[PDB]
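Q: Sharing a structure here in structure tokens format.
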Amino acid sequence: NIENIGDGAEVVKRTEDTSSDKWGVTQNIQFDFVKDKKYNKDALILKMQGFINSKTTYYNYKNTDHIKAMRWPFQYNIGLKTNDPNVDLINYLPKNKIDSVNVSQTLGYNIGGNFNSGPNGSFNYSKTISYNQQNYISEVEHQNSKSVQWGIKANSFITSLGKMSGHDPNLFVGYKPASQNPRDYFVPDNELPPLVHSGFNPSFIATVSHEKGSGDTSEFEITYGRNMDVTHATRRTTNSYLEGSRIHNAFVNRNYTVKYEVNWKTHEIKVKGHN
């Protein structure tokens, strides 16, 4: 749990695993403390992994028998925040808007406080992210020196019907209903991306600096969750056909938030709370 990355430099590693069956979330956090004699600041690389269940559900609408609903994650939320004035968020990955099916990036470190969030010469330490986001797009929703938040949202779909936007109210609505079971007014699982039928496996990185001797502890709040949309499929007769309608941002910030405290001196980590 201690890796030597060079003369006067080492990485002290800690991990925290925290799950919520209520939110359907697992936070697998890697806390890599960068101890370097040539770097005048405390530094910590946080690798945010785990799982966010999609919580996709299908149900009959009110007292009807012609209207069926699909409650699905329009977006996944991944957020990190500190309330410490002595901490600075110095880099994070992914930085830019990315629609690639797979997101794989590397953070590099070179002795003397040199971080290369660009991916010449080798690194003293590296950390890699890797996640799949088929039909979704990743982009930073918010950033400042104390926080970063990504949105991984429904983007572009090709179902059995054609090329659709993640905002299109007809998205996931079936052409013909299979039965009166509410699932059956919506496209089968092989027409659904994994982020809709199963969930998201996040892989995000953030690096923070801390002014040495300004305080031994800092709190970090990490949030993992979803913004749920509701798609209604209405059976009509022209023999039966389905017409789609959407309640966009039906349930926002359905998130599991965990508060962590790091000790810069002892490299120890506690969980202070969660919802």
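Chain identifiers are assigned as A, B, and so on, following the order in which chains appear in the structure tokens; residues are numbered from 1 within each chain, and ligands are numbered from 1 in order of appearance.
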Give me the residues within 12 Å of residue 18 in chain A as a PyMOL selection string, counting only C-alpha atoms and dropping any in the same chain fewer than 2 places off.
A: chain A and resi 15-16+20-21+23-30+48-51+222-224+256-260+270-275
Q: Please return as a VMD selection string: the residues of range 2-209 of chain A that backbone DSSP assigns to strand (DSSP E or B).
A: chain A and resid 2 to 6 9 to 20 25 to 36 41 to 53 57 to 60 67 to 82 87 to 93 98 102 to 110 114 to 116 125 to 132 136 to 144 147 to 154 156 to 158 163 to 165 173 186 199 to 200 204 to 209
Q: With C-alpha atoms kept, could you save the residues just selected as a short mmCIF file (atom, residue, chain, number, x, y, z; two decimals), in the first residue's frame?
A:
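And here is the file that came out, out.cif:
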```cif
data_model
loop_
_atom_site.label_atom_id
_atom_site.label_comp_id
_atom_site.auth_asym_id
_atom_site.auth_seq_id
_atom_site.Cartn_x
_atom_site.Cartn_y
_atom_site.Cartn_z
CA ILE A 2 3.11 2.19 -0.29
CA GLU A 3 4.76 2.46 -3.76
CA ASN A 4 8.13 4.13 -4.29
CA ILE A 5 7.95 6.33 -7.40
CA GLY A 6 11.48 7.70 -7.04
CA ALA A 9 8.88 10.41 -3.67
CA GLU A 10 6.22 7.77 -2.84
CA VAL A 11 2.50 7.03 -3.20
CA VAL A 12 0.56 5.97 -0.08
CA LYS A 13 -2.59 4.09 -1.24
CA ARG A 14 -5.96 3.82 0.51
CA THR A 15 -9.31 2.54 -0.73
CA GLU A 16 -12.88 3.00 0.49
CA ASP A 17 -15.83 0.83 -0.59
CA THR A 18 -19.28 2.12 0.34
CA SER A 19 -22.58 0.87 -1.07
CA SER A 20 -26.27 1.83 -0.72
CA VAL A 25 -24.94 2.59 -5.79
CA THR A 26 -21.40 1.37 -5.05
CA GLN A 27 -18.59 3.96 -4.55
CA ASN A 28 -15.16 2.27 -4.95
CA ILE A 29 -12.76 5.12 -4.21
CA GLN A 30 -8.97 4.96 -4.56
CA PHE A 31 -7.12 7.61 -2.56
CA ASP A 32 -3.50 7.94 -3.75
CA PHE A 33 -1.47 10.33 -1.57
CA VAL A 34 1.51 11.72 -3.53
CA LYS A 35 4.42 12.33 -1.08
CA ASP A 36 7.24 14.14 -2.96
CA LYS A 41 2.17 20.79 -1.55
CA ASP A 42 0.21 17.81 -0.31
CA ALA A 43 -1.44 16.08 -3.24
CA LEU A 44 -4.05 13.42 -3.65
CA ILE A 45 -5.22 11.50 -6.73
CA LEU A 46 -8.83 10.24 -6.33
CA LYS A 47 -10.00 7.52 -8.68
CA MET A 48 -13.79 7.21 -8.55
CA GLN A 49 -15.08 3.80 -9.61
CA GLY A 50 -17.99 1.55 -8.71
CA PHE A 51 -21.51 1.06 -10.04
CA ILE A 52 -24.76 2.97 -10.41
CA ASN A 53 -27.77 0.69 -11.05
CA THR A 57 -38.69 0.38 -14.16
CA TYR A 58 -41.84 -0.24 -16.15
CA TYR A 59 -45.37 0.31 -14.69
CA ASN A 60 -49.04 0.82 -15.72
CA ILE A 67 -50.95 3.99 -21.05
CA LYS A 68 -47.66 2.36 -19.89
CA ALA A 69 -44.59 4.03 -18.40
CA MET A 70 -40.82 3.48 -18.48
CA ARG A 71 -38.77 5.30 -15.78
CA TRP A 72 -35.15 5.40 -17.01
CA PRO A 73 -31.84 7.28 -16.36
CA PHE A 74 -31.62 10.19 -18.82
CA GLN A 75 -28.28 11.04 -17.09
CA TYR A 76 -25.78 9.68 -14.55
CA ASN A 77 -24.22 12.16 -12.09
CA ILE A 78 -20.63 11.84 -10.82
CA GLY A 79 -19.55 14.67 -8.50
CA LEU A 80 -16.73 15.58 -6.12
CA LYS A 81 -16.66 18.58 -3.81
CA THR A 82 -14.59 19.97 -0.91
CA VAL A 87 -7.56 22.50 -1.17
CA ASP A 88 -7.38 23.07 -4.95
CA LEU A 89 -8.80 20.77 -7.62
CA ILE A 90 -5.86 20.83 -10.06
CA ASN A 91 -6.94 18.33 -12.75
CA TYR A 92 -9.66 15.80 -13.53
CA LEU A 93 -10.41 13.20 -16.24
CA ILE A 98 -16.59 12.82 -25.19
CA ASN A 102 -15.29 3.64 -24.48
CA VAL A 103 -13.58 6.41 -22.47
CA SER A 104 -9.93 5.48 -21.59
CA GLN A 105 -7.52 8.18 -20.36
CA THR A 106 -4.35 8.37 -18.26
CA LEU A 107 -3.22 10.90 -15.66
CA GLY A 108 0.55 11.09 -15.37
CA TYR A 109 2.79 12.34 -12.58
CA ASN A 110 6.44 13.52 -12.68
CA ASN A 114 4.25 17.87 -12.69
CA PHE A 115 0.85 16.38 -13.63
CA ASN A 116 0.17 15.49 -17.24
CA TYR A 125 3.35 7.49 -11.50
CA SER A 126 0.21 7.03 -13.57
CA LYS A 127 -3.49 6.38 -13.05
CA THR A 128 -5.96 5.27 -15.76
CA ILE A 129 -9.72 5.55 -16.19
CA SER A 130 -11.79 3.28 -18.43
CA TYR A 131 -15.57 3.18 -18.92
CA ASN A 132 -18.22 2.31 -21.49
CA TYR A 136 -24.42 8.35 -23.93
CA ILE A 137 -22.13 11.37 -23.86
CA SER A 138 -19.81 12.56 -21.04
CA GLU A 139 -19.29 16.25 -20.24
CA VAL A 140 -18.41 18.38 -17.23
CA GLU A 141 -21.68 19.93 -15.91
CA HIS A 142 -19.86 22.05 -13.31
CA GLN A 143 -16.32 22.87 -12.29
CA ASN A 144 -14.41 25.28 -9.98
CA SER A 147 -15.45 20.72 -7.22
CA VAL A 148 -16.11 18.87 -10.40
CA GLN A 149 -19.34 17.32 -11.62
CA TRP A 150 -19.86 15.20 -14.80
CA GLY A 151 -23.11 14.40 -16.57
CA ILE A 152 -23.21 11.10 -18.60
CA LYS A 153 -26.42 11.61 -20.55
CA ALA A 154 -28.59 9.94 -23.27
CA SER A 156 -27.67 9.33 -29.90
CA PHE A 157 -29.52 6.13 -30.53
CA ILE A 158 -30.10 3.81 -33.40
CA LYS A 163 -31.20 7.47 -35.68
CA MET A 164 -32.71 9.21 -32.56
CA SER A 165 -31.67 11.97 -30.12
CA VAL A 173 -41.36 3.44 -27.50
CA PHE A 186 -41.18 -0.53 -24.87
CA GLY A 199 -26.37 0.73 -15.14
CA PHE A 200 -23.13 2.65 -15.31
CA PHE A 204 -13.29 9.17 -13.12
CA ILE A 205 -10.14 10.86 -11.81
CA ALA A 206 -9.61 14.09 -9.85
CA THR A 207 -6.39 15.45 -8.32
CA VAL A 208 -6.34 17.83 -5.43
CA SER A 209 -3.49 19.85 -3.88
#
```
Q: Looking only at helix (DSSP H, G or I) from DSSP on the backbone, list the matching residues of range 64-218 of chain A as a list in words.
A: residues 182, 183, 184, 185, 189, 190, 191, 194, 195, 196 and 197 of chain A
Q: Could those selected residues go to a file with N, CA, C and O atoms, as a PDB file, in the first residue's frame?
A:
```pdb
ATOM      1  N   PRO A 182     -46.527  -3.913 -18.645  1.00  0.00           N
ATOM      2  CA  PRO A 182     -45.963  -2.580 -18.978  1.00  0.00           C
ATOM      3  C   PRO A 182     -44.612  -2.517 -19.705  1.00  0.00           C
ATOM      4  O   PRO A 182     -44.338  -1.518 -20.372  1.00  0.00           O
ATOM      5  N   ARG A 183     -43.778  -3.572 -19.576  1.00  0.00           N
ATOM      6  CA  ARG A 183     -42.467  -3.710 -20.230  1.00  0.00           C
ATOM      7  C   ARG A 183     -42.639  -3.800 -21.758  1.00  0.00           C
ATOM      8  O   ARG A 183     -41.794  -3.331 -22.526  1.00  0.00           O
ATOM      9  N   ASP A 184     -43.748  -4.426 -22.157  1.00  0.00           N
ATOM     10  CA  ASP A 184     -44.129  -4.795 -23.505  1.00  0.00           C
ATOM     11  C   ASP A 184     -44.621  -3.691 -24.464  1.00  0.00           C
ATOM     12  O   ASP A 184     -44.901  -3.972 -25.632  1.00  0.00           O
ATOM     13  N   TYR A 185     -44.625  -2.426 -23.999  1.00  0.00           N
ATOM     14  CA  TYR A 185     -44.987  -1.250 -24.808  1.00  0.00           C
ATOM     15  C   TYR A 185     -43.668  -0.517 -25.177  1.00  0.00           C
ATOM     16  O   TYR A 185     -43.691   0.525 -25.840  1.00  0.00           O
ATOM     17  N   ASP A 189     -34.607  -5.396 -24.438  1.00  0.00           N
ATOM     18  CA  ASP A 189     -33.279  -5.138 -23.883  1.00  0.00           C
ATOM     19  C   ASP A 189     -32.144  -5.147 -24.903  1.00  0.00           C
ATOM     20  O   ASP A 189     -31.224  -4.372 -24.740  1.00  0.00           O
ATOM     21  N   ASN A 190     -32.225  -5.968 -25.968  1.00  0.00           N
ATOM     22  CA  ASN A 190     -31.185  -6.006 -27.018  1.00  0.00           C
ATOM     23  C   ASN A 190     -31.205  -4.767 -27.914  1.00  0.00           C
ATOM     24  O   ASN A 190     -30.327  -4.627 -28.755  1.00  0.00           O
ATOM     25  N   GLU A 191     -32.225  -3.888 -27.746  1.00  0.00           N
ATOM     26  CA  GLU A 191     -32.355  -2.590 -28.429  1.00  0.00           C
ATOM     27  C   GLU A 191     -32.010  -1.473 -27.440  1.00  0.00           C
ATOM     28  O   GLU A 191     -32.104  -0.282 -27.780  1.00  0.00           O
ATOM     29  N   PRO A 194     -26.559  -0.800 -22.478  1.00  0.00           N
ATOM     30  CA  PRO A 194     -26.312  -1.213 -21.072  1.00  0.00           C
ATOM     31  C   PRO A 194     -26.607  -0.168 -19.976  1.00  0.00           C
ATOM     32  O   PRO A 194     -27.067  -0.535 -18.893  1.00  0.00           O
ATOM     33  N   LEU A 195     -26.351   1.149 -20.251  1.00  0.00           N
ATOM     34  CA  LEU A 195     -26.623   2.247 -19.316  1.00  0.00           C
ATOM     35  C   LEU A 195     -28.117   2.414 -19.068  1.00  0.00           C
ATOM     36  O   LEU A 195     -28.521   3.002 -18.063  1.00  0.00           O
ATOM     37  N   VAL A 196     -28.952   1.817 -19.927  1.00  0.00           N
ATOM     38  CA  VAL A 196     -30.389   1.861 -19.653  1.00  0.00           C
ATOM     39  C   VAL A 196     -30.805   0.529 -18.980  1.00  0.00           C
ATOM     40  O   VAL A 196     -31.426   0.559 -17.919  1.00  0.00           O
ATOM     41  N   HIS A 197     -30.451  -0.629 -19.577  1.00  0.00           N
ATOM     42  CA  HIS A 197     -30.907  -1.903 -19.004  1.00  0.00           C
ATOM     43  C   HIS A 197     -30.225  -2.360 -17.705  1.00  0.00           C
ATOM     44  O   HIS A 197     -30.831  -3.096 -16.946  1.00  0.00           O
TER      45      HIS A 197
END
```
Q: Select, from A:248, A:212, A:226, A:167, the residue with the minimum atom-to-atom distance to residue 263 in chain A, counting only C-alpha atoms.
A: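 Residue with the minimum atom-to-atom distance to residue 263 in chain A: A:212.
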Q: Rank nothing, just name the residue among A:220, A:251, A:61, A:39 nearest to residue 269 in chain A, using only C-alpha atoms.
A: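 With only C-alpha atoms as the atom set, the closest residue is A:220.
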Q: May I ask for the distance between CA of residue 134 in chain A and CA of residue 100 in chain A, given in Å to one decimal place?
A: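 That distance, rounded to one decimal, is 7.7 Å.
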Q: Calculated over only C-alpha atoms, which of the candidates A:96, A:252, A:192, A:121 has the smallest distance to residue 228 in chain A?
A: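 Ranked by minimum distance to residue 228 in chain A, first place goes to A:252.
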Q: In terms of the shortest atom-to-atom distance over only C-alpha atoms, which of A:170, A:203, A:64, A:181 is closest to residue 247 in chain A?
A: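 Checking each candidate against residue 247 in chain A, we get A:170 as the closest.
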Q: When you draw a straight line from CA of residue 85 in chain A to CA of residue 146 in chain A, how long is it in Å?
A: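 Going from CA of residue 85 in chain A over to CA of residue 146 in chain A, I get 8.0 Å.
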Q: Pick out the closest residue to residue 86 in chain A from this set: A:264, A:66, A:245, A:166. Count only C-alpha atoms.
A: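 Smallest distance to residue 86 in chain A is found for A:264.
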Q: Measuring atom to atom with only C-alpha atoms, identify which of A:177, A:119, A:145, A:171 is nearest to residue 242 in chain A.
A: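 Smallest distance to residue 242 in chain A is found for A:177.
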